[PDB]
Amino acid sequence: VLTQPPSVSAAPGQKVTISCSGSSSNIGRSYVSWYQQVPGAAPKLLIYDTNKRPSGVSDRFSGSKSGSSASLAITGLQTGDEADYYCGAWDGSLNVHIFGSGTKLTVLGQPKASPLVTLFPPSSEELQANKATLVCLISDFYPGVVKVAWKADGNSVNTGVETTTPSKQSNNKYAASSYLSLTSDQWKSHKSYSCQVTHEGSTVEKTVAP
């Protein structure tokens, strides 16, 4: 795993950095490359050999690494820079290329806006059919990145969760939704379920109970 922050953002004209944290078997012994994927184009190589730029990549982009961690810096941020960025390195233990988890860079826009979260319990009608779908609706957030986690009696849920990619609303804020698909027996045998939505390092949660 090469761990990147899901969301980095700043106003046009500003500078940002994007971290990429690996292990000694990859970033520690290997050169790092970076990729830019404007929506919704193919990725392009932005940085290779840790700090080098291919022709036609601006000197506003710059790469370095320290130990098991790499960093891409972008200065003079421009609306055209808004895109997903991926780091990549060869892992010499596993003998494979490992891409980072990817960072959406947002060029702000409008003010940051925390998501409004609504969690619906399953309806009586679906329960009579021996099923319970929990529905977590997430709206008006900006930058358009969130992490959704579900809890069952306070316990992390790792089964039956499906969450959409965020989509731009007409107001240029974003919306997403997450669905926890259960049987009625699972719903009835727990005391609570929650949908926890993390946006820009803060978490908004809602809880329902049978």
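Heads up: residue numbers just count along the shown sequence, starting at 1.
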Stretch with the higher entry mean CA B-factor, where the candidates are 194-202 and 21-29: 21-29
Select between 144-152 and 164-172 the stretch whose C-alpha atoms have the higher average B-factor in the entry. 164-172
When the CA B-factors of 183, 66, 177, 36 are compared as recorded in the entry, which is the largest? 66
Could you say which of 127, 134, 83, 89 has its CA atom at the highest B factor, as listed in the PDB entry? 127
Among the modelled residues of its chain, the C-alpha B-factor of residue 93 falls in the third labelled highest
